[PDB]
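The next block holds one structure in the form of structure tokens; read it before the comments.
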4 protein chains.
Amino acid sequence: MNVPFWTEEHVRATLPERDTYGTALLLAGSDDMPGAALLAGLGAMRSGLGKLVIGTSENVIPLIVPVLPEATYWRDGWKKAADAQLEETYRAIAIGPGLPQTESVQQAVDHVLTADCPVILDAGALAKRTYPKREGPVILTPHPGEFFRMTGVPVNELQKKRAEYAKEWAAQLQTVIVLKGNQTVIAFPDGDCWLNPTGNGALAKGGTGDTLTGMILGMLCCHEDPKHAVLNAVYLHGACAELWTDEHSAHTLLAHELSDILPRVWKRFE
Amino acid sequence: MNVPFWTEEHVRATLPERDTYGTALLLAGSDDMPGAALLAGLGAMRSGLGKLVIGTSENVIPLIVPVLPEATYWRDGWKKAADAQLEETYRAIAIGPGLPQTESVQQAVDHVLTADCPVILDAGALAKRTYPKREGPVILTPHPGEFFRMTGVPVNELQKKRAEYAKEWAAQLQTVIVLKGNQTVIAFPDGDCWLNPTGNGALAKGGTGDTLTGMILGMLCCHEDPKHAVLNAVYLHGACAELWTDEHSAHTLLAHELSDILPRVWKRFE
Amino acid sequence: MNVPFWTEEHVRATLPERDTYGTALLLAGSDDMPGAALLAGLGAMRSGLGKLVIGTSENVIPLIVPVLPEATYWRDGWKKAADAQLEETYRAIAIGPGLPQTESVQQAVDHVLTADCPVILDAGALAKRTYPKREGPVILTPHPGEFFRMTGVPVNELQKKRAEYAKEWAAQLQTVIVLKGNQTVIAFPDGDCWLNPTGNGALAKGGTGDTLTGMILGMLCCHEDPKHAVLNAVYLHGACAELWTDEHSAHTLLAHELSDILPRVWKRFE
Amino acid sequence: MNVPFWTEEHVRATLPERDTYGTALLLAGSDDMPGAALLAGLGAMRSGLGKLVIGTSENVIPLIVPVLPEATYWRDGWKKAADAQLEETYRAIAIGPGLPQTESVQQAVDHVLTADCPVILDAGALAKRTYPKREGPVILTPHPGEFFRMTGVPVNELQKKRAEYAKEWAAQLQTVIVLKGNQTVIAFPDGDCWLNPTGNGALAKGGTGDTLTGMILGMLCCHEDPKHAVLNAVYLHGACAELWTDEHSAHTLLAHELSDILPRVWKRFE
């Protein structure tokens, strides 16, 4: 379909200066899958927000603090979000990393969507469903298996026509779809669509998607244009893996290290 | 008002040699806001004290130890301080980071103020109130929103005349006021007033104020002149952010890293 | 016996490219010996797997997360494995590091062996026993004392004829035996046998065997040939200690650092 | 008294090669003072032992594991040692860092002294007492205030004649005394006495003594001559502070960093 790449030149032209930067909400991490909250939290705080509130399970909080003492907490927030509309205003919200694929998580999604801000759905928050007309984009970040869960398009078919399917479903759902893989597709509901040119096989390991979700969350808080936030996050996330492989084997990357590398990588694009 | 900058030359002339160094008390961190205690604790121990006692909530202690095993503890100290005068002597005391804005915290402030040492109030310990005549300076570290809470001066007005307001209120309250922002103002109750020339937008993220409070606390323990301690802490805290941005994006700094950078930055001024 | 060395040339010829990478199961760590799970987990995730599930004791989970937030968990998995066959499919399984030498651990071994994948037994999972005919190699990683436990060959005798004993018992048991020591022996049940040429005395400290077990586990997930996975893991584990001693005393290595060094060492062999 | 310095030439001549290395027991860390166990544990494992068992309070264990996953544990060991003789054999034992100054700690000291190995007493294990004739040296590591507690020699008097007092009391008690300060004195019960030439004011902060105790413990496990172990530990501990101050301010060192620096410093003396 000749989908263009979001190139270095586009990144440089669109990344913000740091001369407020928003407050983000991260609804992530469960007793059974705690690490996703730390990964997404580090990605978000590394990515230019002003404040982060992590609504994680109570028993997950103590696992984050020593690594990310800059985050604050909404105790059992992802569970509380199932029961009522948020009362605080956030610049952007992410939900899903480390959450189970349950109806209660979808109830929290429904409540989060009544806020007027960009919302990211990932992992356990991804389901076959439709989305309400609202202010603010909804950004879905499926791996191909999650895309199958969302759409019924089998993975072996999806992978032959990734951009065509991503574009079709972004239009049908009226959501942004970041369809992960080699050459991640970023499809917008208005029909714009891009391929990401960065990254390598070092990213094909658990946790790298949690880091990406956090990076998007933070970038939404420092870019005025949420489209550029999404594109720049996907781009820089892959550029971190590429920097890693200059001196380290691609087999050996741990996701949290992408966050650790981002400071230097981002500097290069300023 | 032509407020002078506290310059490199002033810093070099006033930083102490390490040829006792005091015991500090840090009353910080609550179950709901734990990270502030780790941030302020690292800042304090990095800043030239001899010993640190952290009076944090019992459930916060285990979150600090693996990162800062050099600190010792007064279990639930900030809560116990509400009920009685301190029995141990400290070289300096800080109260507030990660504490709620409650009457019980003000009761602890009242008790801490009966000690004969410099005392720093930050975050939850900042309120609209007056201060008793005592030995030792009281040092307030408000962001503009906290200054509004203290004084009723709205933020949009404050920000047009920052040094004039800081100076006026330092005189009226007879406290030191470190009014944070770009060009942080350091106003003394005797009418001396300075602007800080260091820092950048990397500091505009949660946790950097907790780190600063700790840095002031530690510097009070190694400088004979508490005025120089405050000025040097504010200066070096900003100089750490500047060093960071040489090779890292200003969007990507985490507060704890200021503490990690301070060793090298301080060396340059010796 | 003229056993050949698995040399650099063999390593280079056999290490995989990262152009799925498997899901591994690690059954390790107990309340009394928790650290082995973190060591083996880091080794495994550093070594090219796609996903890691750690079946550790419930109280050990929170000790791993802040260091390795990329792992997921099967709560009390090593204990649950005593009662039933695994229902999920894994590319490879390791059992033993930090587990007690008990009958219940052997019950878990028996159940794990009904899976169709390579299985590694280490530490508490090593016992005097025989092994069922199955699909997938069984890989034993004894120190000489554990070899004595397995075979009744006293250590002072073993150490005079290490490769002869390792070869004899690999044949008799029909298992791979990685007999650790200076010049670790890798003996296969088909009679192939190699010596490892890398390593030094820095490895003669607690925890380095836990790291090795993890490294083998991960390498089994990215090599098509499990024999090459075992050989390359033993080789690279020793090569990490050698890199360490270039600028650091051999007395001072901590096992987890082998995992930290592996990224750079592996790169050199690509 | 013309006490000689233990110089670089002596260190080089006496440090061991790493071509067993012993199992050490560390009885340290209490709920109220947990960090000392992590500091002493890191120092010990960094210092050439083969295995470390940490007998700390149950609630302190989880605080050590993520930082030092190579250690194993004797749960509530320092408390259990009050009730009975040790049943396991250790190459060396340390007791005291982070322990209260109580009779129960002295009961544990009494029991530990029935073992046939070098024993180090520090911090809460230091008291006014005498010592039984035994195999293995007893090594006391007092700061001047602890020396006052041990002997009744006031600090202001002690500090005028440090080596004379240390020598006199080492002879009277028949213990090694490492009397800390600038120019730490190492006095042996046979009348040998040395001054340490390394170190600086960076060491005058909480936790550095816990690190030293651990370093001595580990060095006792890799030196055949326990006198050289003590001397080399004190020397290298100070040499780590000196390396630190080359690029970092002496005000800013954290004790755990001495352990982190030791690998490189030790290499220089090989």
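How things are named: the first chain in the structure tokens is A, the next is B, and so on; residues count from 1 in each chain; ligands count from 1 in the order shown.
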
List every residue of chain B that has an atom at most 7 Å from any atom of chain A, giving for each one its closest atom pair and the distance in Å to one decimal, counting only C-alpha atoms, sorted by chain and then by ascending residue number, as a Markdown table.
```
| residue | atom | partner | partner_atom | distance |
| --- | --- | --- | --- | --- |
| B:32 | CA | A:73 | CA | 6.6 |
| B:33 | CA | A:72 | CA | 6.0 |
| B:35 | CA | A:69 | CA | 4.0 |
| B:36 | CA | A:69 | CA | 6.7 |
| B:38 | CA | A:69 | CA | 6.7 |
| B:39 | CA | A:69 | CA | 6.7 |
| B:63 | CA | A:66 | CA | 5.6 |
| B:64 | CA | A:66 | CA | 6.5 |
| B:67 | CA | A:66 | CA | 6.5 |
| B:201 | CA | A:18 | CA | 5.5 |
| B:204 | CA | A:50 | CA | 6.4 |
| B:205 | CA | A:50 | CA | 4.4 |
| B:206 | CA | A:51 | CA | 5.2 |
| B:207 | CA | A:70 | CA | 4.9 |
| B:247 | CA | A:264 | CA | 6.0 |
| B:248 | CA | A:264 | CA | 4.7 |
| B:249 | CA | A:267 | CA | 4.5 |
| B:250 | CA | A:18 | CA | 6.4 |
| B:251 | CA | A:48 | CA | 4.3 |
| B:252 | CA | A:46 | CA | 4.4 |
| B:253 | CA | A:46 | CA | 6.6 |
| B:254 | CA | A:46 | CA | 6.9 |
| B:255 | CA | A:70 | CA | 6.7 |
```

Would you save the residues from that selection as a compact mmCIF listing (two decimals), in the first residue's frame, using N, CA and C atoms?
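Below is the file result_30.txt, written as the result:
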```txt
# COMPACT_ATOMS: atom_id res chain seq x y z
N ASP B 32 0.84 6.37 51.52
CA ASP B 32 0.27 6.78 50.25
C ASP B 32 1.30 7.52 49.33
N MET B 33 2.32 8.13 49.92
CA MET B 33 3.38 8.86 49.17
C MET B 33 4.79 8.45 49.69
N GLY B 35 7.68 7.45 48.07
CA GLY B 35 8.90 7.71 47.33
C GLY B 35 9.63 8.95 47.77
N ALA B 36 8.88 9.93 48.29
CA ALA B 36 9.51 11.17 48.72
C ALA B 36 10.58 10.94 49.81
N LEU B 38 12.60 8.28 50.08
CA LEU B 38 13.79 7.74 49.48
C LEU B 38 14.52 8.90 48.77
N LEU B 39 13.76 9.73 48.05
CA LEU B 39 14.37 10.85 47.30
C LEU B 39 15.07 11.83 48.25
N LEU B 63 11.15 -0.05 51.83
CA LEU B 63 11.31 0.49 50.47
C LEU B 63 12.56 1.33 50.30
N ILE B 64 13.11 1.81 51.41
CA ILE B 64 14.30 2.64 51.39
C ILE B 64 15.56 1.83 51.53
N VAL B 67 18.04 0.60 48.72
CA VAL B 67 18.62 1.69 47.92
C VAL B 67 19.58 2.57 48.77
N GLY B 201 14.59 22.95 32.53
CA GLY B 201 13.28 22.31 32.55
C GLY B 201 13.29 20.85 32.93
N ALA B 204 11.39 20.13 36.09
CA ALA B 204 9.94 20.30 36.15
C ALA B 204 9.27 18.94 36.03
N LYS B 205 9.49 18.13 37.05
CA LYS B 205 8.90 16.77 37.15
C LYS B 205 8.85 16.37 38.59
N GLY B 206 7.84 15.56 38.95
CA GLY B 206 7.72 15.10 40.30
C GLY B 206 8.96 14.46 40.87
N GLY B 207 9.24 14.83 42.12
CA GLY B 207 10.33 14.28 42.89
C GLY B 207 11.54 15.17 43.03
N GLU B 247 24.35 15.42 27.80
CA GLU B 247 24.28 14.20 26.99
C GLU B 247 22.93 13.48 27.01
N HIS B 248 21.99 14.02 27.75
CA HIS B 248 20.67 13.43 27.95
C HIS B 248 19.57 14.47 27.72
N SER B 249 18.44 14.04 27.16
CA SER B 249 17.35 14.97 26.98
C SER B 249 16.78 15.46 28.30
N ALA B 250 16.49 16.77 28.37
CA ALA B 250 15.84 17.35 29.52
C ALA B 250 14.49 16.75 29.85
N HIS B 251 13.82 16.13 28.87
CA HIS B 251 12.54 15.46 29.16
C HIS B 251 12.64 14.19 29.97
N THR B 252 13.83 13.63 30.11
CA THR B 252 14.02 12.26 30.56
C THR B 252 14.65 12.05 31.93
N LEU B 253 14.97 13.13 32.63
CA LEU B 253 15.59 13.04 33.95
C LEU B 253 14.63 12.48 34.98
N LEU B 254 15.14 11.61 35.82
CA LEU B 254 14.42 11.17 37.02
C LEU B 254 15.12 11.81 38.24
N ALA B 255 14.35 12.32 39.20
CA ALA B 255 14.89 13.06 40.32
C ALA B 255 16.03 12.37 41.03
```

Polymer residues at most 9 Å from segment 228-235 of chain D, only C-alpha atoms, same-chain spacing of 6 or more positions, as a list in words
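Within the cut-off, the hits are residues 6, 7, 8, 10, 11, 14, 15, 47, 139, 178, 184, 186, 194, 196, 197, 198, 199, 212, 213, 215, 216, 217, 218, 219, 220, 221 and 222 of chain D.
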
Selection from above, N, CA and C atoms, as a short mmCIF file (atom, residue, chain, number, x, y, z; two decimals), in the first residue's frame, can you write it?
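Result written to result.cif:
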```cif
data_model
loop_
_atom_site.label_atom_id
_atom_site.label_comp_id
_atom_site.auth_asym_id
_atom_site.auth_seq_id
_atom_site.Cartn_x
_atom_site.Cartn_y
_atom_site.Cartn_z
N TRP D 6 51.11 0.06 57.50
CA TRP D 6 50.93 -1.10 56.63
C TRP D 6 50.85 -0.54 55.22
N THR D 7 51.95 -0.61 54.47
CA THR D 7 52.07 0.08 53.21
C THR D 7 51.64 -0.76 52.00
N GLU D 8 51.52 -0.07 50.87
CA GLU D 8 51.25 -0.74 49.58
C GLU D 8 52.13 -1.98 49.36
N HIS D 10 53.52 -3.97 51.55
CA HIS D 10 53.02 -5.04 52.42
C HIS D 10 51.73 -5.69 51.89
N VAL D 11 50.80 -4.86 51.43
CA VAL D 11 49.57 -5.31 50.81
C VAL D 11 49.87 -6.21 49.61
N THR D 14 51.20 -9.70 50.37
CA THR D 14 50.37 -10.56 51.22
C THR D 14 48.98 -10.91 50.69
N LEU D 15 48.48 -10.19 49.69
CA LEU D 15 47.16 -10.52 49.14
C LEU D 15 47.24 -11.87 48.43
N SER D 47 34.72 -9.59 49.14
CA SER D 47 36.08 -9.73 49.67
C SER D 47 36.64 -11.14 49.68
N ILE D 139 38.58 -10.22 66.89
CA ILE D 139 38.92 -8.93 66.29
C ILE D 139 37.81 -7.92 66.62
N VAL D 178 41.03 -2.98 66.04
CA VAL D 178 41.05 -2.05 64.92
C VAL D 178 40.33 -0.79 65.43
N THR D 184 43.62 4.78 61.26
CA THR D 184 43.13 3.63 62.02
C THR D 184 44.33 2.83 62.55
N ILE D 186 45.76 -0.73 64.02
CA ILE D 186 45.52 -2.16 64.07
C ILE D 186 46.52 -2.73 65.08
N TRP D 194 50.19 -1.61 63.89
CA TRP D 194 50.34 -0.90 62.63
C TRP D 194 49.35 0.24 62.57
N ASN D 196 47.10 2.43 59.60
CA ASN D 196 46.65 2.37 58.21
C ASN D 196 46.88 3.71 57.52
N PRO D 197 47.52 3.72 56.32
CA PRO D 197 47.82 4.99 55.70
C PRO D 197 46.76 5.52 54.73
N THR D 198 45.71 4.74 54.48
CA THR D 198 44.75 5.09 53.43
C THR D 198 43.48 5.64 54.05
N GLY D 199 42.68 6.25 53.20
CA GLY D 199 41.44 6.82 53.62
C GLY D 199 41.43 8.33 53.71
N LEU D 212 33.30 -2.07 56.36
CA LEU D 212 34.62 -2.58 56.78
C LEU D 212 34.51 -3.92 57.46
N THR D 213 33.54 -4.09 58.35
CA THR D 213 33.38 -5.35 59.05
C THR D 213 33.18 -6.50 58.06
N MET D 215 34.17 -6.51 54.93
CA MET D 215 35.42 -6.71 54.20
C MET D 215 36.43 -7.56 54.97
N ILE D 216 36.58 -7.27 56.25
CA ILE D 216 37.39 -8.13 57.12
C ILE D 216 36.89 -9.57 57.10
N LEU D 217 35.58 -9.77 57.28
CA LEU D 217 35.00 -11.09 57.25
C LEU D 217 35.37 -11.86 55.98
N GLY D 218 35.16 -11.25 54.81
CA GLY D 218 35.53 -11.92 53.58
C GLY D 218 37.02 -12.18 53.43
N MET D 219 37.85 -11.21 53.81
CA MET D 219 39.29 -11.38 53.68
C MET D 219 39.81 -12.49 54.58
N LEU D 220 39.21 -12.70 55.73
CA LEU D 220 39.56 -13.83 56.61
C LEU D 220 39.36 -15.17 55.93
N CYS D 221 38.47 -15.20 54.95
CA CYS D 221 38.17 -16.44 54.24
C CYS D 221 39.11 -16.73 53.05
N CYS D 222 39.87 -15.75 52.58
CA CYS D 222 40.79 -15.99 51.46
C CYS D 222 42.25 -15.79 51.79
#
```

Find the residue from A:93, A:115, A:155, A:240 that sits nearest to residue 208 of chain A; use only C-alpha atoms when measuring.
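Distance minimum relative to residue 208 of chain A lands on A:240.
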
Give me the residues within 12 Å of segment 157-167 of chain A as a ChimeraX atom specification, counting only C-alpha atoms and dropping any in the same chain fewer than 3 places off.
/A:1-5,140-154,170-196

Please run DSSP on the backbone and report, as a ChimeraX atom specification, all residues within segment 119-212 of chain D that come out as helix (DSSP H, G or I).
/D:123-125,144-151,155-158,162-173,201-203,208-212

Near residue 96 of chain B, counting only C-alpha atoms, which residues have an atom at most 12 Å away, once you skip same-chain residues fewer than 2 positions from it, shown as JSON, numbers by chain?
{"B": [25, 26, 27, 28, 29, 30, 33, 34, 36, 37, 40, 54, 55, 56, 78, 79, 93, 94, 98, 99, 100, 101, 102, 104, 105, 106, 108, 109, 112, 119, 120, 121, 122, 123, 124, 125, 126, 127, 139, 140, 141, 142, 209, 210, 213, 214]}

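Computed from the coordinates, the atom CA of residue 223 of chain A to atom CA of residue 132 of chain A distance equals 24.1 Å.
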
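One distance worth recording is that between atom CA of residue 83 of chain A and atom CA of residue 136 of chain A, which is 21.6 Å.
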
Looking only at strand (DSSP E or B) from DSSP on the backbone, list the matching residues of segment 65-223 of chain C as number ranges by chain.
C: 72-73, 92-95, 119-121, 138-140, 176-179, 185-187, 193-195

Please produce an output containing C-alpha atoms for each residue in the selection, written as a PDB file, in the first residue's frame.
```pdb
ATOM      1  CA  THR C  72       6.100 -13.306  34.925  1.00  0.00           C
ATOM      2  CA  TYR C  73       5.111 -15.791  37.649  1.00  0.00           C
ATOM      3  CA  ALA C  92      12.521 -25.500  28.057  1.00  0.00           C
ATOM      4  CA  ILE C  93      12.289 -26.027  31.825  1.00  0.00           C
ATOM      5  CA  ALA C  94      14.801 -25.664  34.653  1.00  0.00           C
ATOM      6  CA  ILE C  95      14.244 -26.959  38.195  1.00  0.00           C
ATOM      7  CA  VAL C 119      14.782 -30.056  31.132  1.00  0.00           C
ATOM      8  CA  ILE C 120      17.644 -28.863  33.373  1.00  0.00           C
ATOM      9  CA  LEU C 121      18.085 -30.211  36.908  1.00  0.00           C
ATOM     10  CA  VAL C 138      17.705 -34.022  30.529  1.00  0.00           C
ATOM     11  CA  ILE C 139      20.628 -31.828  31.538  1.00  0.00           C
ATOM     12  CA  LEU C 140      22.228 -32.229  34.995  1.00  0.00           C
ATOM     13  CA  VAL C 176      23.674 -34.650  29.696  1.00  0.00           C
ATOM     14  CA  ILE C 177      26.099 -33.986  32.570  1.00  0.00           C
ATOM     15  CA  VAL C 178      27.705 -30.546  32.983  1.00  0.00           C
ATOM     16  CA  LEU C 179      30.267 -31.410  35.679  1.00  0.00           C
ATOM     17  CA  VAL C 185      33.082 -31.218  31.452  1.00  0.00           C
ATOM     18  CA  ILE C 186      30.038 -31.374  29.163  1.00  0.00           C
ATOM     19  CA  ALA C 187      29.208 -35.046  28.649  1.00  0.00           C
ATOM     20  CA  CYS C 193      32.114 -35.047  25.387  1.00  0.00           C
ATOM     21  CA  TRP C 194      33.772 -31.624  25.568  1.00  0.00           C
ATOM     22  CA  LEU C 195      35.769 -29.520  27.995  1.00  0.00           C
TER      23      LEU C 195
END
```
